[PDB]
Amino acid sequence: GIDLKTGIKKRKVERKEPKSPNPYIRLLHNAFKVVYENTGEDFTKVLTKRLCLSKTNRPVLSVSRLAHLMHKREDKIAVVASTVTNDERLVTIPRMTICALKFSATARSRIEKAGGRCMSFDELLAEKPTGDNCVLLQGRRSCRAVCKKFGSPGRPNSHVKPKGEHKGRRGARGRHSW
Amino acid sequence: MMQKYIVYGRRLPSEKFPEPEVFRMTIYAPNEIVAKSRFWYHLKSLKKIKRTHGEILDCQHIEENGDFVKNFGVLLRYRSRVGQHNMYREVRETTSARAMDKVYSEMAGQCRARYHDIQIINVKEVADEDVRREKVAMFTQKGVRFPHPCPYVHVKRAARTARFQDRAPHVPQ
Amino acid sequence: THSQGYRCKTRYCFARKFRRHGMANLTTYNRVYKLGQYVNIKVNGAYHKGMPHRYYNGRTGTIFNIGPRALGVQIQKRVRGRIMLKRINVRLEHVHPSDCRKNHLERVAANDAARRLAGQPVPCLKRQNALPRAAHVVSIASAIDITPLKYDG
Amino acid sequence: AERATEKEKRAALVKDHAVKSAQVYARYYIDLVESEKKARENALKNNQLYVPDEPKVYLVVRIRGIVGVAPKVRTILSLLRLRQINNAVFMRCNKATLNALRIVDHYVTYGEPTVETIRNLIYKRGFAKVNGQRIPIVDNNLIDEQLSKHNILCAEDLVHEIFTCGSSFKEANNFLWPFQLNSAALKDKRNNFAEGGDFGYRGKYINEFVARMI
Amino acid sequence: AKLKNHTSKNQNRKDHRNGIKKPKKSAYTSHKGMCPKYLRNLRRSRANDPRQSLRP
RNA sequence: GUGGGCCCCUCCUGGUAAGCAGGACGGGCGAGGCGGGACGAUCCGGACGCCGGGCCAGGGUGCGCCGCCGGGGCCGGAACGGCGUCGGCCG
Ligand SMILES: [K+]
Ligand SMILES: [K+]
Ligand SMILES: [K+]
Ligand SMILES: [K+]
Ligand SMILES: [K+]
Ligand SMILES: [Mg+2]
Ligand SMILES: [Mg+2]
Ligand SMILES: [Mg+2]
Ligand SMILES: [Mg+2]
Ligand SMILES: [Mg+2]
Ligand SMILES: [Mg+2]
């Protein structure tokens, strides 16, 4: 026998490959995984992991959030491994270069009409595979409504709302309401 | 298997008592690791110096010449199931360590006392006239003769490979 | 147990020490306390207001609040597989300034002091767990000869 | 390429270092067991003793298995890297290590190794930990690549550092995987060596105990 | 019939299996329970420091 | 899924006691093969993929039944009795 329990923890499971059946996702992930193994750049390593994520870990990005984040560094390439949607509450857009997995039809029309460019990750792969003058960006992973009900509403330090409809008063008017 | 050792020891020196006293003992043990342990068993009782608080300066091993047969007198104390006792024993052997082998086997056999139950107080040579035990004294004489005390032992031993024979052998005496 | 009130099982720990009854000396109120300081909790059994529960006697914590009359102390407390950070409010008679980091401030001051002095080579400033002794000579001119003694009963 | 030139030159530089250090260390080992002799002798002309230095390294062997161990015993044994019943390690001596080892005495036996015992263990049972892998130690090319920052370049530098308990003992000692020795010969596994048993402190008698297990 | 009342025999081993957790790093600095008269003056001081103020 | 547990070592409480009943740190059986304790869920060793070689823990070595010789002694259970035998201490 051998004692391999004390001071040793249980191993970990993480996504090491995309589970999408889309052939365009497999082709791109397999390609950027190759560039990492021949470059050792940590930009191509973070980007290879973003392409394995599960679509609740890949929230969207709006143009107005990009226009805000890319301010004062407007000569750089925003890189987003998700969809770029449109924000109609912003009346005027600036000129910028964005590379994304997918563009909405209305967001593409606005980006181009300002003088910007809409790149794809295979355009990025050919011209800038190691991320020179590129910035990686993502949206708010905790914006989902589902992640707002996690926990124990009813416990005195919760700050979470219950799930159904509750029409009573008992425990719902603060402490000393039970 | 017993061996004679001389051990030196002393309390660790401090500010109140620079240059503490040195204590030496003669020990009989099967090796150097048992002997140093037995030195700390006595220095803890007689002088109240635990092993944590002192250091051992030497474990001298002494080899004795044999070649002649002398008497030894051992003053010891041992423990039984009802208390503690004193006892004097005499033996004839060729070196002091061999005389302590003989003592430990007689204690183990007639008193059922083991090595760590026994404390040796004294071990000295005893001149022929001064002996006090009958068994030893018989052989401290001129011209002692006896016939062989067990000649059957020779014949049986040969009969362990010579398992079958044609006559029952004799025992010459 | 069968009975578990707030001051149960307190017959000895809340009692006063021999010939140490009466009012606390006035250093209890002239000490200055600061945010972030370490303190010990020791219950004085003659002062009944702001007196912490018996669990907290003999623990060490850190000040998080300085109030007009009482101090706020944070205690790490183990509960059944996790540690909890507990916050309590205790009056001055049950708090004493703690020296748990006294040894560490003396060493940090001593290393920067002995660096300033340079002894041209910098001395080794790491603490050393006691090493085995080195080789040396000792005299045996005067040596005592002991032996086991006889049983006396 | 330039890789084959540097690897050609480097090994050559390491090899001539191996013939320099071998002869000097052989000189050192003869000289110790001499200087003590002249110092014990100067002791005799006076009424004086010579008390030498205590051990600085121990060799520790595990002699009991894994069924039924208590929690504080099994944590101490894992920090010593003694996870299997016949494994052996080298170990530094100070009050931190000595007081932990006395807690697990009935599981272990230990003492002071010679430079001959150290040499046979490394040359015959020596493997290396490299990126978490157990790699056979067969030549000076692997001791240089891993330990050159601490000025250990050949097998006889590793032996010298372990025997003298020098400046880089921690890194020299952890480079070795724990020794995987053959099964031991015991009198009485459940008794201390000073009662005729097998466990605990046994001094210089550790050298013939492991001799048959290497 | 009667069944067992109480034991804690296996409970220290269950308590240790996932390690003994530690409280969040941010619980050590929670404002909950501090003097309000101190927390008021803390906000006021920063709002009027141009290096710290976050007013538009 | 579980919320009938039980046993060992040390430490305890009720009871004349119990293979009785109730608590405590650590370990085990439960849910742990293999060897040994003649025989046993828990004792002594040792914790397990399928093989070949070597070394040997615990217990042992007249024949059943794998494996031994040499050397020194002696020859279930209470109060209480013994000029059985060998060895001591005090007078
Ligand atoms: K709910
Ligand atoms: K509690
Ligand atoms: K009764
Ligand atoms: K088990
Ligand atoms: K009798
Ligand atoms: Mg192994
Ligand atoms: Mg836990
Ligand atoms: Mg029962
Ligand atoms: Mg069951
Ligand atoms: Mg059987
Ligand atoms: Mg047979």
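Letters go in sequence order (proteins before strands), and every chain restarts at 1.
At the phosphate of F/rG45, OP1 or OP2 sits under 4.0 Å from a side-chain N or O atom of D/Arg190. Close to F/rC6, at under 4.0 Å from its OP1 or OP2, lies no side-chain N or O of E/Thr7. Contact annotation: E/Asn12 side-chain N/O to F/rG26 OP1/OP2 distance is under 4.0 Å. Between B/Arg160 and F/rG70 there is a side-chain polar atom (N or O) within less than 4.0 angstrom of OP1 or OP2. At F/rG23, one or more side-chain N or O atoms of E/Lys4 fall inside 4.0 Å of OP1 or OP2 (strictly under the cut-off). Distances shorter than 4.0 Å separate some side-chain N or O of E/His6 from OP1 or OP2 on F/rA24. Of the side-chain N and O atoms in B/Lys135, one or more sit less than 4.0 angstrom from OP1 or OP2 of F/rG87. In this structure, D/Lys189 reaches the F/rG46 phosphate: one of its side-chain N or O atoms is under 4.0 Å from OP1 or OP2. Contact annotation: D/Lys72 does not reach the phosphate of F/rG26 (side-chain N/O to OP1 or OP2, under 4.0 Å). In terms of phosphate contacts, B/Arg89 brings no side-chain nitrogen or oxygen within less than 4.0 Å of OP1 or OP2 of F/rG73.
With hydrogens and angles ignored, no donor-acceptor pair closer than 3.5 Å exists between the side chain of B/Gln110 and the base of F/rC74. Evaluation of atom-type donor-acceptor distances gives a pair under 3.5 Å for the side chain of D/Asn182 against the base of F/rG54. For F/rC55, the base has a donor-acceptor partner in the side chain of D/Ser183 [N/O atoms by modelled type, under 3.5 angstrom].
Projected onto RNA chain F by closest heavy-atom contact, D/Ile85 and D/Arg212 fall at different nucleotides, the more 5' of which corresponds to D/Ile85.
Between the side chains of B/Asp101 and B/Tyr28, no donor-acceptor pair of N or O atoms lies under 3.5 Å.
Nucleotides F/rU42 and F/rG54 fail the base-pair criterion, which asks for a Watson-Crick or G-U wobble arrangement whose two donor-acceptor distances both fall under 3.5 Å. Pairing status of F/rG77 against F/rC68: not a Watson-Crick or G-U wobble pair with both distances under 3.5 Å. F/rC25 and F/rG45 are not base-paired, meeting neither the Watson-Crick nor the G-U wobble geometry with both donor-acceptor distances under 3.5 Å.
Minimum atom distance to the side chain of B/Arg133 is reached by F/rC89, of the listed F/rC56, F/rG5, F/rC89. The side chain of B/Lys102 sits closest to F/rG72 out of F/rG72, F/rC7, F/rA57.
Base stacking is present between F/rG22 and F/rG23; both the centre distance of their six-membered rings (under 5.5 Å) and the plane angle (under 30°) fall inside the limits.
If you check F/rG14 for Watson-Crick or wobble pairing at under 3.5 angstrom, you find it paired to F/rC20.
Contact check for B/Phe72 versus B/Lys124: no side-chain heavy atoms found under the 4.5 Å cut-off. Put simply, the side chain of C/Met84 does not reach to within 4.5 Å of the side chain of C/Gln76, judged on heavy atoms.
D/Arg64 comes within 4.0 angstrom of sugar-phosphate atoms only, judged by non-hydrogen atoms across all strands, and of no base.
Note on B/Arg89 versus B/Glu106: salt bridge recorded, some NZ/NE/NH1/NH2 to OD/OE distance being below 4.0 Å. Checked for salt-bridge contact, B/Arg79 and B/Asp117 miss the test: no charged N lies under 4.0 Å from a carboxylate O.
Glycosidic conformation of F/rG40: syn, with the torsion inside 90° of 0.
Relative ring orientation between D/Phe179 and D/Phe90 is described as perpendicular, the plane-to-plane angle rising above 60° on a 0-90° scale split at 30° and 60°.
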